[PDB]
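Student: So I've got this file, model04.json, and it contains JSON, C-alpha atoms:
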[["chain", "number", "residue", "atom", "x", "y", "z"],
["A", 612, "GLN", "CA", 47.05, -73.92, 97.74],
["A", 613, "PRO", "CA", 44.33, -72.83, 100.20],
["A", 614, "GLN", "CA", 41.09, -71.54, 98.72],
["A", 615, "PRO", "CA", 40.09, -68.13, 100.12],
["A", 616, "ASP", "CA", 36.68, -67.56, 101.67],
["A", 617, "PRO", "CA", 35.22, -64.19, 100.57],
["A", 618, "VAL", "CA", 33.02, -63.66, 103.65],
["A", 619, "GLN", "CA", 35.91, -63.88, 106.11],
["A", 620, "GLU", "CA", 37.88, -61.05, 104.48],
["A", 621, "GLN", "CA", 34.81, -58.80, 104.52],
["A", 622, "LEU", "CA", 34.19, -59.66, 108.18],
["A", 623, "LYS", "CA", 37.80, -58.78, 109.05],
["A", 624, "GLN", "CA", 37.49, -55.47, 107.19],
["A", 625, "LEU", "CA", 34.27, -54.66, 109.05],
["A", 626, "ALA", "CA", 35.91, -55.50, 112.38],
["A", 627, "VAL", "CA", 38.82, -53.18, 111.58],
["A", 628, "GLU", "CA", 36.38, -50.43, 110.60],
["A", 629, "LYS", "CA", 34.47, -50.82, 113.88],
["A", 630, "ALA", "CA", 37.72, -50.70, 115.86],
["A", 631, "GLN", "CA", 38.62, -47.47, 114.06],
["A", 632, "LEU", "CA", 35.18, -45.94, 114.67],
["A", 633, "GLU", "CA", 35.22, -46.64, 118.42],
["A", 634, "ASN", "CA", 38.11, -44.19, 118.87],
["A", 635, "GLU", "CA", 36.21, -41.47, 117.00],
["A", 636, "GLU", "CA", 33.21, -42.14, 119.25],
["A", 637, "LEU", "CA", 35.44, -41.69, 122.31],
["A", 638, "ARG", "CA", 36.80, -38.42, 120.90],
["A", 639, "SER", "CA", 33.26, -37.15, 120.31],
["A", 640, "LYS", "CA", 32.34, -38.05, 123.90],
["A", 641, "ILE", "CA", 35.38, -36.12, 125.18],
["A", 642, "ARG", "CA", 34.44, -33.08, 123.09],
["A", 643, "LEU", "CA", 30.84, -33.16, 124.36],
["A", 644, "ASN", "CA", 32.01, -33.40, 127.98],
["A", 645, "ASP", "CA", 34.38, -30.46, 127.49],
["A", 646, "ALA", "CA", 31.60, -28.35, 125.94],
["A", 647, "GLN", "CA", 29.26, -29.14, 128.84],
["A", 648, "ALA", "CA", 31.99, -28.21, 131.34],
["A", 649, "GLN", "CA", 32.56, -24.85, 129.63],
["A", 650, "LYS", "CA", 28.81, -24.16, 129.60],
["A", 651, "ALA", "CA", 28.66, -24.91, 133.34],
["A", 652, "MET", "CA", 31.58, -22.53, 133.94],
["A", 653, "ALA", "CA", 29.79, -19.78, 132.00],
["A", 654, "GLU", "CA", 26.63, -20.35, 134.05],
["A", 655, "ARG", "CA", 28.69, -20.10, 137.25],
["A", 656, "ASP", "CA", 30.18, -16.80, 136.08],
["A", 657, "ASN", "CA", 26.72, -15.42, 135.31],
["A", 658, "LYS", "CA", 25.46, -16.49, 138.74],
["A", 659, "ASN", "CA", 28.48, -14.86, 140.41],
["A", 660, "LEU", "CA", 27.77, -11.60, 138.58],
["A", 661, "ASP", "CA", 24.13, -11.80, 139.68],
["A", 662, "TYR", "CA", 25.23, -12.33, 143.30],
["A", 663, "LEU", "CA", 27.64, -9.38, 143.15],
["A", 664, "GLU", "CA", 24.99, -7.07, 141.70],
["A", 665, "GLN", "CA", 22.33, -8.20, 144.18],
["A", 666, "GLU", "CA", 24.61, -7.74, 147.21],
["A", 667, "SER", "CA", 24.95, -4.01, 146.50],
["A", 668, "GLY", "CA", 22.17, -1.58, 145.56],
["A", 669, "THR", "CA", 22.88, -1.53, 141.82],
["A", 670, "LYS", "CA", 19.63, -3.31, 140.93],
["A", 671, "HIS", "CA", 17.60, -0.84, 142.99],
["A", 672, "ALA", "CA", 19.74, 2.08, 141.79],
["A", 673, "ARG", "CA", 18.93, 1.31, 138.15],
["A", 674, "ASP", "CA", 15.19, 1.25, 138.89],
["A", 675, "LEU", "CA", 15.50, 4.54, 140.78],
["A", 676, "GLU", "CA", 17.36, 6.03, 137.80],
["A", 677, "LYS", "CA", 14.62, 4.83, 135.45],
["A", 678, "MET", "CA", 11.92, 6.41, 137.62],
["A", 679, "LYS", "CA", 13.88, 9.67, 137.88],
["A", 680, "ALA", "CA", 14.41, 9.72, 134.11],
["A", 681, "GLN", "CA", 10.69, 9.17, 133.52],
["A", 682, "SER", "CA", 9.85, 12.00, 135.93],
["A", 683, "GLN", "CA", 12.39, 14.29, 134.25],
["A", 684, "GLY", "CA", 10.91, 13.47, 130.85],
["A", 685, "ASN", "CA", 7.44, 14.33, 132.12],
["A", 686, "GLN", "CA", 8.76, 17.62, 133.55],
["A", 687, "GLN", "CA", 10.50, 18.46, 130.26],
["A", 688, "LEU", "CA", 7.31, 17.71, 128.32],
["A", 689, "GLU", "CA", 5.37, 19.99, 130.68],
["A", 690, "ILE", "CA", 7.96, 22.76, 130.29],
["A", 691, "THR", "CA", 8.03, 22.56, 126.48],
["A", 692, "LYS", "CA", 4.23, 22.63, 126.19],
["B", 612, "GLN", "CA", 62.00, -65.57, 108.76],
["B", 613, "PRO", "CA", 58.46, -64.96, 110.08],
["B", 614, "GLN", "CA", 56.09, -63.15, 107.72],
["B", 615, "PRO", "CA", 54.34, -60.12, 109.24],
["B", 616, "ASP", "CA", 50.58, -59.61, 109.11],
["B", 617, "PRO", "CA", 49.51, -55.95, 108.73],
["B", 618, "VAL", "CA", 46.07, -56.61, 110.26],
["B", 619, "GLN", "CA", 47.52, -57.58, 113.65],
["B", 620, "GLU", "CA", 49.83, -54.54, 113.71],
["B", 621, "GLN", "CA", 46.92, -52.23, 112.85],
["B", 622, "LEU", "CA", 44.77, -53.81, 115.57],
["B", 623, "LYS", "CA", 47.55, -53.35, 118.14],
["B", 624, "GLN", "CA", 47.95, -49.70, 117.14],
["B", 625, "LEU", "CA", 44.20, -49.14, 117.47],
["B", 626, "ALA", "CA", 44.19, -50.79, 120.91],
["B", 627, "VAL", "CA", 47.09, -48.61, 122.09],
["B", 628, "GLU", "CA", 45.41, -45.42, 120.89],
["B", 629, "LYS", "CA", 42.13, -46.47, 122.54],
["B", 630, "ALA", "CA", 43.97, -47.01, 125.83],
["B", 631, "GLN", "CA", 45.45, -43.53, 125.35],
["B", 632, "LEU", "CA", 42.02, -41.98, 124.71],
["B", 633, "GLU", "CA", 40.45, -43.54, 127.82],
["B", 634, "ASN", "CA", 42.66, -41.36, 130.03],
["B", 635, "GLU", "CA", 41.51, -38.21, 128.22],
["B", 636, "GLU", "CA", 37.91, -39.33, 128.67],
["B", 637, "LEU", "CA", 38.50, -39.71, 132.42],
["B", 638, "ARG", "CA", 40.10, -36.25, 132.56],
["B", 639, "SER", "CA", 37.08, -34.75, 130.79],
["B", 640, "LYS", "CA", 34.76, -36.45, 133.28],
["B", 641, "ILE", "CA", 36.76, -34.99, 136.18],
["B", 642, "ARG", "CA", 36.62, -31.51, 134.64],
["B", 643, "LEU", "CA", 32.84, -31.76, 134.17],
["B", 644, "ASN", "CA", 32.35, -32.89, 137.77],
["B", 645, "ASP", "CA", 34.46, -29.99, 139.05],
["B", 646, "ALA", "CA", 32.50, -27.48, 136.95],
["B", 647, "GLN", "CA", 29.19, -28.84, 138.25],
["B", 648, "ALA", "CA", 30.45, -28.63, 141.84],
["B", 649, "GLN", "CA", 31.48, -24.99, 141.38],
["B", 650, "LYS", "CA", 28.10, -24.15, 139.83],
["B", 651, "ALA", "CA", 26.33, -25.76, 142.79],
["B", 652, "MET", "CA", 28.48, -23.74, 145.20],
["B", 653, "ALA", "CA", 27.58, -20.53, 143.35],
["B", 654, "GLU", "CA", 23.88, -21.42, 143.58],
["B", 655, "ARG", "CA", 24.28, -22.04, 147.32],
["B", 656, "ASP", "CA", 25.94, -18.64, 147.78],
["B", 657, "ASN", "CA", 23.12, -16.92, 145.88],
["B", 658, "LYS", "CA", 20.50, -18.70, 147.99],
["B", 659, "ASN", "CA", 22.34, -17.72, 151.18],
["B", 660, "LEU", "CA", 22.32, -14.08, 150.07],
["B", 661, "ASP", "CA", 18.59, -14.38, 149.35],
["B", 662, "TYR", "CA", 18.05, -15.79, 152.86],
["C", 663, "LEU", "CA", 29.38, -9.05, 129.16],
["C", 664, "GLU", "CA", 26.26, -6.96, 128.49],
["C", 665, "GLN", "CA", 25.04, -7.24, 132.09],
["C", 666, "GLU", "CA", 28.42, -6.29, 133.57],
["C", 667, "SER", "CA", 28.25, -2.86, 131.91],
["C", 668, "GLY", "CA", 25.25, -0.53, 131.72],
["C", 669, "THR", "CA", 24.19, -1.43, 128.17],
["C", 670, "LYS", "CA", 20.92, -3.04, 129.29],
["C", 671, "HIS", "CA", 20.08, 0.01, 131.41],
["C", 672, "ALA", "CA", 21.28, 2.36, 128.66],
["C", 673, "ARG", "CA", 18.92, 0.82, 126.09],
["C", 674, "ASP", "CA", 15.92, 1.21, 128.41],
["C", 675, "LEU", "CA", 16.93, 4.82, 129.10],
["C", 676, "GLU", "CA", 17.20, 5.43, 125.35],
["C", 677, "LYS", "CA", 13.73, 3.93, 124.82],
["C", 678, "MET", "CA", 12.26, 6.17, 127.52],
["C", 679, "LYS", "CA", 14.00, 9.24, 126.08],
["C", 680, "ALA", "CA", 12.76, 8.36, 122.58],
["C", 681, "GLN", "CA", 9.20, 8.03, 123.88],
["C", 682, "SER", "CA", 9.49, 11.41, 125.62],
["C", 683, "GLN", "CA", 10.91, 13.02, 122.47],
["C", 684, "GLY", "CA", 8.09, 11.54, 120.39],
["C", 685, "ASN", "CA", 5.51, 12.94, 122.81],
["C", 686, "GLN", "CA", 7.21, 16.34, 122.68],
["C", 687, "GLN", "CA", 7.24, 16.27, 118.87],
["C", 688, "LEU", "CA", 3.56, 15.33, 118.81],
["C", 689, "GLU", "CA", 2.80, 18.24, 121.14],
["C", 690, "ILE", "CA", 4.83, 20.64, 118.98],
["C", 691, "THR", "CA", 3.19, 19.56, 115.72],
["C", 692, "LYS", "CA", -0.34, 19.85, 117.12]]
As structure tokens, please, write out the structure in this file.

Tutor:
Amino acid sequence: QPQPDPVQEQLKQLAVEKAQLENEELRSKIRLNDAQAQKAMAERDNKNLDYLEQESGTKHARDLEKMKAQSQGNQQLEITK
Amino acid sequence: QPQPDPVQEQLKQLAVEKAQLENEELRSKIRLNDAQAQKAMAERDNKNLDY
Amino acid sequence: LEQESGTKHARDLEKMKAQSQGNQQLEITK
């Protein structure tokens, strides 16, 4: 009857464990790539919104509204006093 | 009758699933490249508007 | 989502209005 060698069984078990872990590593890489792609898409959407707002006068209109509101507040304070 | 060895069957299953996962990894790489290209195009459009 | 609507502008307007109201209240109390 052959005499078993303890080290060989442990080495085989470790090899099987490594083979199992490689697939989990690949899955983690896929998840990371997907997350980066979604972040890039969100950045693109933000840049597109910025382009759309800058093309029109909305950015300047908001500043004009702020200045007009400040002036109206000053006028109201003058009237109340 | 030949006697099966579970270790070999498990190794073959792991190899098949790894070959399956490689395709998904390639698809994820393609998606990331496409997203980066679209982001670069958006940046170019913004810079053209600035010009 | 916040930038698409006027929430960012609305908060600044609310801050300005609150400052004006505080100045008016200070004037009234004095």

Student: Report as a PyMOL selection string all protein, DNA and RNA residues lying within 12 Å of residue 679 in chain C, evaluated on only C-alpha atoms, omitting residues in the same chain fewer than 2 positions from it.

Tutor: (chain A and resi 677+679-685+687-688) or (chain C and resi 672-677+681-686)

Student: For chain C, which of A:643, A:652, A:690, A:632 is the closest residue, counting all atoms listed in the file?

Tutor: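 Of all the options, A:690 lies closest to chain C.
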
Student: So how many Å separate CA of residue 670 in chain A and CA of residue 653 in chain A, to one decimal?

Tutor: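 Taking CA of residue 670 in chain A and CA of residue 653 in chain A, their separation equals 21.3 Å.
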
Student: Got a sec: who's within 9 Å of residue 662 in chain A, counting only C-alpha atoms, leaving out chain neighbours fewer than 5 positions off, as a CSV table (one decimal) with C-alpha atoms, keeping the file's coordinate frame?

Tutor:
chain,number,residue,atom,x,y,z
A,657,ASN,CA,26.7,-15.4,135.3
A,667,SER,CA,25.0,-4.0,146.5
B,653,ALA,CA,27.6,-20.5,143.4
B,656,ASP,CA,25.9,-18.6,147.8
B,657,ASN,CA,23.1,-16.9,145.9
B,660,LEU,CA,22.3,-14.1,150.1

Student: Within 8 Å of chain A, which residues of chain B are there when counting only C-alpha atoms? Please give them as an mmCIF file with C-alpha atoms, in the frame of the given file.

Tutor:
data_model
loop_
_atom_site.group_PDB
_atom_site.id
_atom_site.type_symbol
_atom_site.label_atom_id
_atom_site.label_comp_id
_atom_site.auth_asym_id
_atom_site.auth_seq_id
_atom_site.Cartn_x
_atom_site.Cartn_y
_atom_site.Cartn_z
ATOM 1 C CA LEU B 622 44.770 -53.810 115.570
ATOM 2 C CA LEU B 625 44.200 -49.140 117.470
ATOM 3 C CA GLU B 628 45.410 -45.420 120.890
ATOM 4 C CA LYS B 629 42.130 -46.470 122.540
ATOM 5 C CA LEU B 632 42.020 -41.980 124.710
ATOM 6 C CA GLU B 633 40.450 -43.540 127.820
ATOM 7 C CA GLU B 635 41.510 -38.210 128.220
ATOM 8 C CA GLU B 636 37.910 -39.330 128.670
ATOM 9 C CA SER B 639 37.080 -34.750 130.790
ATOM 10 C CA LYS B 640 34.760 -36.450 133.280
ATOM 11 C CA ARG B 642 36.620 -31.510 134.640
ATOM 12 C CA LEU B 643 32.840 -31.760 134.170
ATOM 13 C CA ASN B 644 32.350 -32.890 137.770
ATOM 14 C CA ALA B 646 32.500 -27.480 136.950
ATOM 15 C CA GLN B 647 29.190 -28.840 138.250
ATOM 16 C CA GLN B 649 31.480 -24.990 141.380
ATOM 17 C CA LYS B 650 28.100 -24.150 139.830
ATOM 18 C CA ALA B 653 27.580 -20.530 143.350
ATOM 19 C CA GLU B 654 23.880 -21.420 143.580
ATOM 20 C CA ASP B 656 25.940 -18.640 147.780
ATOM 21 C CA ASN B 657 23.120 -16.920 145.880
ATOM 22 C CA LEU B 660 22.320 -14.080 150.070
#

Student: Work out how far CA of residue 678 in chain A is from CA of residue 669 in chain C, in Å to one decimal.

Tutor: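 About the pair CA of residue 669 in chain C and CA of residue 678 in chain A: they are 17.4 Å apart.
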
Student: I'd like the box whose edges run along x, y and z of the file and which contains every listed atom of range 615-620 of chain B, padded by 4 Å per side; could you state its centre and edge lengths in Å, one decimal, as lines of an AutoDock Vina configuration file?

Tutor:
center_x = 50.2
center_y = -57.3
center_z = 111.2
size_x = 16.3
size_y = 13.6
size_z = 13.0

Student: Between CA of residue 620 in chain B and CA of residue 629 in chain A, what is the distance, to one decimal in Å?

Tutor: 15.8 Å

Student: Missing atoms in range 626-644 of chain A: fill them in up to N, CA, C and O atoms and send the result as a compact mmCIF listing (two decimals), in the frame of the given file.

Tutor:
# COMPACT_ATOMS: atom_id res chain seq x y z
N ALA A 626 35.39 -55.57 111.02
CA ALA A 626 35.91 -55.50 112.38
C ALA A 626 36.94 -54.39 112.52
O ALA A 626 36.93 -53.64 113.51
N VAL A 627 37.84 -54.25 111.54
CA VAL A 627 38.82 -53.18 111.58
C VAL A 627 38.13 -51.82 111.53
O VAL A 627 38.51 -50.88 112.25
N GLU A 628 37.11 -51.69 110.68
CA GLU A 628 36.38 -50.43 110.60
C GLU A 628 35.71 -50.08 111.93
O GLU A 628 35.74 -48.92 112.36
N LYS A 629 35.09 -51.07 112.58
CA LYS A 629 34.47 -50.82 113.88
C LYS A 629 35.50 -50.41 114.92
O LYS A 629 35.25 -49.49 115.72
N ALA A 630 36.66 -51.07 114.92
CA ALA A 630 37.72 -50.70 115.86
C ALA A 630 38.18 -49.27 115.62
O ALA A 630 38.47 -48.54 116.58
N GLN A 631 38.26 -48.86 114.36
CA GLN A 631 38.62 -47.47 114.06
C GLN A 631 37.54 -46.50 114.54
O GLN A 631 37.85 -45.43 115.06
N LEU A 632 36.26 -46.87 114.36
CA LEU A 632 35.18 -45.94 114.67
C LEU A 632 35.00 -45.76 116.18
O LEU A 632 34.50 -44.72 116.63
N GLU A 633 35.37 -46.77 116.97
CA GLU A 633 35.22 -46.64 118.42
C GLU A 633 36.05 -45.48 118.96
O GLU A 633 35.61 -44.75 119.86
N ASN A 634 37.26 -45.29 118.42
CA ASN A 634 38.11 -44.19 118.87
C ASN A 634 37.49 -42.83 118.54
O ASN A 634 37.55 -41.90 119.35
N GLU A 635 36.89 -42.70 117.35
CA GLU A 635 36.21 -41.47 117.00
C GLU A 635 35.02 -41.22 117.93
O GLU A 635 34.74 -40.07 118.30
N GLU A 636 34.30 -42.29 118.29
CA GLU A 636 33.21 -42.14 119.25
C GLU A 636 33.72 -41.62 120.59
O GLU A 636 33.11 -40.74 121.21
N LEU A 637 34.85 -42.16 121.06
CA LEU A 637 35.44 -41.69 122.31
C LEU A 637 35.84 -40.22 122.22
O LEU A 637 35.63 -39.45 123.16
N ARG A 638 36.42 -39.82 121.09
CA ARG A 638 36.80 -38.42 120.90
C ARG A 638 35.58 -37.51 120.93
O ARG A 638 35.62 -36.42 121.52
N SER A 639 34.49 -37.94 120.29
CA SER A 639 33.26 -37.15 120.31
C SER A 639 32.72 -37.02 121.73
O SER A 639 32.24 -35.95 122.13
N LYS A 640 32.78 -38.11 122.51
CA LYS A 640 32.34 -38.05 123.90
C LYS A 640 33.18 -37.05 124.69
O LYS A 640 32.65 -36.27 125.49
N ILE A 641 34.50 -37.06 124.48
CA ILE A 641 35.38 -36.12 125.18
C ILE A 641 35.02 -34.69 124.81
O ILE A 641 34.96 -33.81 125.68
N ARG A 642 34.79 -34.43 123.52
CA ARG A 642 34.44 -33.08 123.09
C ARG A 642 33.12 -32.62 123.72
O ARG A 642 33.00 -31.47 124.17
N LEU A 643 32.13 -33.51 123.76
CA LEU A 643 30.84 -33.16 124.36
C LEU A 643 31.00 -32.85 125.85
O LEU A 643 30.41 -31.88 126.36
N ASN A 644 31.79 -33.66 126.56
CA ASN A 644 32.01 -33.40 127.98
C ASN A 644 32.70 -32.06 128.20
O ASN A 644 32.34 -31.30 129.11
